[PDB]
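Presented below is the structure to which this report refers.
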4 protein chains.
Amino acid sequence: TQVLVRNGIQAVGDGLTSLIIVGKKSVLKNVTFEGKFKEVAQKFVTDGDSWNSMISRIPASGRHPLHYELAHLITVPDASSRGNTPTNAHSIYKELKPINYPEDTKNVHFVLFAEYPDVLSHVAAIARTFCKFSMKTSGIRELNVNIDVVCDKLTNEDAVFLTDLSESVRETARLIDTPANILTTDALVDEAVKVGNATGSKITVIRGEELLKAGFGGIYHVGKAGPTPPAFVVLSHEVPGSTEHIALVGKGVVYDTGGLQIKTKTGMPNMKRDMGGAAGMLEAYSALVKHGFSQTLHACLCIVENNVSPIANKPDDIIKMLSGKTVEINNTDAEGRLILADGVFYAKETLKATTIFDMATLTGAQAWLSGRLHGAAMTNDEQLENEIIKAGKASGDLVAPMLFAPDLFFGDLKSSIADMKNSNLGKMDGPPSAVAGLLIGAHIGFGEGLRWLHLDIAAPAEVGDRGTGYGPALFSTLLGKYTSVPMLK
Amino acid sequence: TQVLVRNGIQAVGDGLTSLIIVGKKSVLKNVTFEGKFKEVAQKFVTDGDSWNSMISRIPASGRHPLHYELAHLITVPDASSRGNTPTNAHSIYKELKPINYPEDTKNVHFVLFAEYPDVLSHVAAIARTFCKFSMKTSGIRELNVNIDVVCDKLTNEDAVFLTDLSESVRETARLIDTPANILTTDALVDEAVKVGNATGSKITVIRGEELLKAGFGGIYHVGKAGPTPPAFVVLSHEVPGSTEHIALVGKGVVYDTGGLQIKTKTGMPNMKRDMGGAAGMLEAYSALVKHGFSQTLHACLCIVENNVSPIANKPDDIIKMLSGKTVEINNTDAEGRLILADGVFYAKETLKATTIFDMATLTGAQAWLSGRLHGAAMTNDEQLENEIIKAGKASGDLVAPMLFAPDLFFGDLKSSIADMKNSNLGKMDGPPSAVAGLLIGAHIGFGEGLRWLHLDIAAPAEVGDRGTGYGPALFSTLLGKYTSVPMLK
Amino acid sequence: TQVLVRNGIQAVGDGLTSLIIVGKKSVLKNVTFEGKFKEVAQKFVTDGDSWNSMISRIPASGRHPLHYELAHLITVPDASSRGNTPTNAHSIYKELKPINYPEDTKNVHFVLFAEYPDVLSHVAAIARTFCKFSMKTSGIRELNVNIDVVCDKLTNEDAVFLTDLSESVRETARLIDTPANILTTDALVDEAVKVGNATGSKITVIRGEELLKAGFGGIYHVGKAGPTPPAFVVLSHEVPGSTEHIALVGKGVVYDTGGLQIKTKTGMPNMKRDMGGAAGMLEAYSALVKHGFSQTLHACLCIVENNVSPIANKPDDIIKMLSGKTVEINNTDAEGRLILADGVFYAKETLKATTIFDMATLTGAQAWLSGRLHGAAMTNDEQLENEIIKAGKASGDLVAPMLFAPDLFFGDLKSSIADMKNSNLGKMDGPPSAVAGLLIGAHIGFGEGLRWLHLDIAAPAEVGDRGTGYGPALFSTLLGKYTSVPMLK
Amino acid sequence: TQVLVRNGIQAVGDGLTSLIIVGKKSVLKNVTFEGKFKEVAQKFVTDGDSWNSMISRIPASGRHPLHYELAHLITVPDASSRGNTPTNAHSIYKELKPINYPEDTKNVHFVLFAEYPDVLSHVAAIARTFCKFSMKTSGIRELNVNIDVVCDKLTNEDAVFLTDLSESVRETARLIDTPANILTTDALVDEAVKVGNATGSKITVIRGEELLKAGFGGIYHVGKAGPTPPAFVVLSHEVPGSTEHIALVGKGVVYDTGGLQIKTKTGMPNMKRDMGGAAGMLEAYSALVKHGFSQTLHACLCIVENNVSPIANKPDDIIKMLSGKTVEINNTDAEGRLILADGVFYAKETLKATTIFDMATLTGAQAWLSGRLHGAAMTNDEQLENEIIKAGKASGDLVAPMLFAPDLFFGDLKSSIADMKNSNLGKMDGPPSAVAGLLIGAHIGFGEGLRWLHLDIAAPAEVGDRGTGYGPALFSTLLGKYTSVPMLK
Ligand code: NA
Ligand code: NA
Ligand code: NA
Ligand code: NA
Ligand SMILES: [Zn+2]
Ligand SMILES: [Zn+2]
Ligand SMILES: [Zn+2]
Ligand SMILES: [Zn+2]
Ligand SMILES: [Zn+2]
Ligand SMILES: [Zn+2]
Ligand SMILES: [Zn+2]
Ligand SMILES: [Zn+2]
């Protein structure tokens, strides 16, 4: 299925077409049934009066069928709470995700009535519902999707970016939804390398025993009992003289069995999704680099499978991390933070990055801190904290803050015999999601001298049985000021 | 220990002899203490009056010693409920299984007073108590067992069949009781091939990577993490021009650790017994083919070990089955149904079987449906359902019906990304044992156009620490009309 | 909200009307867009061609909107499995239950195109979706519902019965949905007495200490720690000279905390629904007696609350039942079977009933035997077993059989010091749901000399957060031959 | 034991004296061993050189003995993270709480070298270590404690306030530490009434059946199964013409067994502490009103015991709250939010409060959001959120923000039959601690038109086996601008 975003209502192809109209109630109230909109809608809506009559009756928000199978109106609420995004983009996903198109549909046509500040989140929300991945052996249909944005200020360059963002969103979700017997560490390295090639990146791949020899103890020791070997992949977009040097470090655990401290019968399904951080960072990097990204930018992907054999990590094991510090592993399922400790140290030490983001499906505890729609951000930099929350609101990839207090909470990871433990299996003073992030930061002085932000996306990376494609929209809005894209600037 | 069934009371060898007399109360009441019976019993019972006095006193059923160590009378109840077998054959097993014979016993002599409809189940029940398998390093004794049936209608050919049935029962139980460090997949293939040779079968063995290449995704992917490789074994008894074409498909999981969704500390012991279906089908095939079986008959054994390594099945994995359909594995311990989906498809597609039975120690849930004495049968064919229940009653291998409703229950296995999941780990609309069977049937249109019967024997395949040898008696009575055996015809 | 069933399409009141059309695909294919149907549907469907075009496109089954908010077509599948009802009535409930009507809807008009054998189950399925009970403090709307049945053979008397059946269904569900702080034992006694008065019944109420004095040890000892006292209520419809004498005994546990063997935090919610058996028997009795029921009929309601105090049942307690037999209570949460043992003994001994039905939300184990749509029936009478399965199919209140084997399974309830225990907390030979029923039957010789049927409806009595109103439709079809209703005769 | 705070080092009584010196490293480095300090310290520290030598050697923070039993120096760190308080007051508690004084100690003398912004938190931290409550039958000693603050800017009025704050802190902790067989609902009403009398408050007590009659369904129904009756206590400090009208609503669950959804064997100990919110609000009110509080102020205490009997709340029960809204109780252990829903509605409706704080030991989930040192604040007012975080830093009673999103999260409490449920026992979209607060706010439109702040203090209210006395310091700093106290103004 192909998704194209266009600036203004235009005709779609020949072939059976499903029509979905999307807007906030206040915007829809002001839409005139005339012109190109009338041309598109009058198959399903009789005339202007019937249009106006319907808009009068329908509530503050919801989904209303305009035909027995081919057409829908989605009303987005106007009101929002301060913890929400004022775009209410999640409401589009909620109403749209259930919709199925008749078997012989060729085209899906969206007419999106969105004000300029809403366009990006609304487009992304629609894109997320076009799930690339299926292994069904019948019934597979490819559709031609046009998202036609009705918004004065939108440029043609904006529409290119939104098409690329839609792709980055759907790619992130595809990578997440693919089972790990197919998306192995090798396959995810190959996926990253494809983006590396497309973006003209400098590509570094350190794999298997090369990781051990190079001192990547976290990445190596976590992944050594996988069926295919661990890897660290760097895509670098180097801009001579750039003022910023930004790293996007992603957790790429292609499957997490928990390791020898194994997950339960009901805990282990869904664990193909434990690489959602790496997928989201990779696809964010792709969207940004496609649009004239003016600063130096690196994607650093820590790609392992956490599995069970006599050579696997065992609780009590002490390993030496890339940083040179020792970690006592008391929880083999707290493996993401080990691999990210190496990725973030590499970004600081080797890449000389001065802004380091890491994003990970890190903890089940994250949902108890920020719920299922907000990623949980922990940073040494207060201004960056405010800025990423603002970016979450503008993108629809919501972000809530975690407490940053290494002085109060790092003692939760005290070890008698190593520099630290990787987890605490009892009562601790910190929120567990914060403590998990502090294990990562402990290998770069908790961000001292630079800006470091850890983002835990375990719950917002998925809804139901599907990846959401979280990450590309967030980082496009956060770092989009360094692109050529008018709506990001 | 050797077991011979004879038509009428006869002398036994020289050597210390244990005597066990068995009968329903009403039959025993009519036995005259004279003739050959008196000859055998008067070591232990004084005369006719003392015999009659005892029969008067003893209750409606039980076991009564006739000597301090050498002799017993077992009284079988006459009454039975409609859900039971009117043979009450389980009562013989209950009373007999505890009996031990003195160390220096050479012979065990049974005098079985049974009416013609009871003989087969009663003989089988006695046979089950002679457990072949032991690895004790002292105390091992081999006995000469004669089961002398006192029944007017019995023929000498019947006695040959009953001896063969006794062997098939004891062989099934031996295979079940043998620990899996000895009965590996390789060893069970060898056992099936021995029966293949003895029966003059056409033998097909597809093993290891040959399964993968041939498209047996269920059998291969389940067994790939075993210490010895997966196999599919077919023994074919082809009868040109036969009207029926019958397949006996058996679950041969030589050990089930549960896989990466591992069984618990108390759940995993006994899991050598997870090949009881394959053993019972193999030994049923053997008993039938020994007696002039007039229709085309196949034994199809799916032989795997379900174990734990980095290459094992993981929940989320999607595989392609022999049928070409995809299955999302969300439960690595729901492995029997995966391997049987291939076996049943093979029987339909390759063997052209038009009656397909599969029998398996499939689910713990089975005991909550049919209890511990009845196998649970699910079939698309109502007449076959009645016929197998009738066969259960006549054989003593009891069978109770499951609901057959793919329309109501198959939705329990819905998958977003594959054709189906293999299990449901939450609330479901179907009985879990039925849903387990429907996963198998989903790969042959739930039996459309043919007769398909799935039989879950998890609990009735064992009592205490011992296999019961369930299966040969059931299928001998069910399919015995196609043999030369008078009592089956 | 009022529900009226009419014989043929007729006009509805003034006021905003929602229209729902219901039929099997094959029936809908043959409907002509003319006459009264056209009059009703042409608000929403343009003309005959558009009607025919739509019917061509829509799949084998589902729900299709005919308007943005006011109208729906529900297509019922034609095909069904042998374990299902050929009415497919559950499909109506599945598609209809989600539908919401706009706030200002006055009328809901159903046009039901059903063949004669489908009408009763289809009407009941629609009725179940009109939930009487709500304590919402805004948004409450009462609707005028007309179910217009288009069926040649239907009589006006049939339509009266179907209206009464709809009421009995909705009343059963109302009683179930009402929280137990409102529907106390006292309140449920009052509800039964209201039906007693309306039906001109002879009414007996034995309450509190009168139960103890009268020897109702099961009912008394279970309910003695409730906040309001235990009761046994009998409504009798005595027909001099009748050939049959039928008792409907219902489990009326208004709330089940489990007792001192208390339910878990997640196990205890929903336990207001533990009186669903009593509600269903009461409302079945009501529907039958309204229609000239020609045999002697009794409703016997065992009404208790199972709660926690120093005077409550404790495991180890031994009580004397109405039967005079002693029961060792080893499970205070196996309380339904204790109260029903008294109700069934009373029906036999005092009422002289020769057909005794008991219906109960008895066991969580029931779903593992018969799933969530089928009640599980255990009876001493094979013909009655077949007849109730047939009644389940005709009514849509599905029934599946349990094994009846007191000889094999009653030993699961062996006690060293009382006549029996009420449960087995370990491994047992019977299906647990069957063993639960056998505790009841043990107090009437397992039905010896009469017909006894126990029906466990724990799961089919509810879907989601709502009672289904199971029971009235089943018993109307089972016992409707004794009424004046043409469609039941 | 009596605690007096003084402005400057002064002599203490006759009698054996323990000396504890407290300061940040940077402050201690600048202290001259002369004058009054030398007079006090030279018992334990030889002279200036030995003083300076020691200060040079000791690390950045810790505790160092100055005598074998009588004396200690506590060094407080200078550095702090942004999530911490820059006072580092918790470090004082950590080092001091372990200290024991010899049996015959009469006096404890603190010399506190603190800069003006640190004084309040440091004093409070010392006060918390003087635990009032003990029922030991030997070894009980009362001490005379003088905390001598060495700080230029401190006034004599400040020292009065700090003495009162010390008392409020120790009183809160005493109430918390007292077992509930002593601190019953009656006893806690009496405690509140004592403060009511001392402060010249208008006192309202609504108790037992008066709560039911007055419509306090939350307070009444939660507490009705306690051994002593539920109560609602209001202390009002009414200031004619005041611009603000502030309510402090506290959760006073004197013991929480969990109710019929009972707590576990290891979950139930410590549940005397479930009234920590009410204690902290009461003692905050006391400290503020003692110091010329210029605005209208109310303490509203919801005082219940949540226990187990046949009349207790049961999950499924639906009650009507003071607000008139209905709540379906699906979790009897989610009882604090029910009682607070009434308290907050009362504060809005009856008291006309326009700033409403509620504070509660509400959820175990709170520690997963904000950890064990920070209360978790959820408010409709962003400025108030910032202001209370600032107050947490200045007081040492730390506060972290929760997400405020009723639009996103209130759907977690959806009910089919009541206006809402009180909890969600499965997966929810919100942080569970936020959802718990939203149940409270749902009864006042989530704060619409006013300022509402909910503060969950479950973990920060205690360390080890002792109440911390959290709350008085926080509200003194938050609302101290309305007092006459120079250091608060
Ligand atoms: Na298809
Ligand atoms: Na020996
Ligand atoms: Na309303
Ligand atoms: Na002492
Ligand atoms: Zn993990
Ligand atoms: Zn992980
Ligand atoms: Zn298994
Ligand atoms: Zn298995
Ligand atoms: Zn119960
Ligand atoms: Zn019950
Ligand atoms: Zn509680
Ligand atoms: Zn509480």
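Scope of the values below: all heavy atoms of this structure, side chains included, with no hydrogens, waters or symmetry mates. Residue numbers begin at 1 in each chain, while the letters A, B, ... track the order of the sequences.
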Rounded to the nearest 0.5 Å, the CG atom of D177(C) sits from the CD1 atom of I318(D) at a distance of 9.0 Å
Okay, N313(D) and chain C: the region with an atom under 4.5 Å from a heavy atom over there is neither
Listed by number, the residues in residues 420-450 of chain D that come under 4.5 Å of chain C (heavy atom to heavy atom) are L425(D)
Just so I know, are the side chains of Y255(C) and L260(D) near enough to count as touching, which here means a heavy-atom distance under 4.5 Å?
no
Between the CE atom in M268(C) and the CG atom in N330(D), the distance rounded to the nearest 0.5 Å is 12.5 Å
Practice item. For the residue pair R466(C) and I417(D), establish whether any side-chain heavy-atom pair is separated by less than 4.5 Å. Key: yes
| field | Check: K224(C) and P310(D) side chains under 4.5 Å, non-hydrogen atoms | value | no
In this structure, CG of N181(C) is separated from CD1 of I311(D) (nearest 0.5 Å) by 12.5 Å
Residue set satisfying salt bridge (charged side-chain N to carboxylate O under 4.0 Å, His left out) with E328(D), at least two apart, ordered chain then number -> none
| Heavy-atom check, side chain of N307(C) versus side chain of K314(D), under 4.5 Å | yes
Sequence neighbours excluded, the answer for ring pair (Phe, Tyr, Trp, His ring centres under 6.0 Å) partners of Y220(C) is none
CD (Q261(D)) and OG1 (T266(C)) are apart, to the nearest 0.5 Å, by 9.0 Å
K325(D) atom NZ: more than 12 heavy-atom contacts under 6.0 Å
no
ask   = Given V308(D) and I262(C), is the side-chain contact (heavy atoms from CB on, under 4.5 Å) satisfied, shown in steps?
value = CA-CA 11 Å; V308(D) 174; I262(C) 198 164; 5.5 Å; no
Between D316(D) and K272(C), the two heavy atoms sitting closest are OD2-N, 3.0 Å
Among residues 134-141 of chain C, those lying within the under-4.5 Å heavy-atom range of chain D are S134(C), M135(C), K136(C), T137(C), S138(C)
Of all heavy-atom pairs linking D317(D) and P179(C), the shortest is CA-CB, 4.0 Å
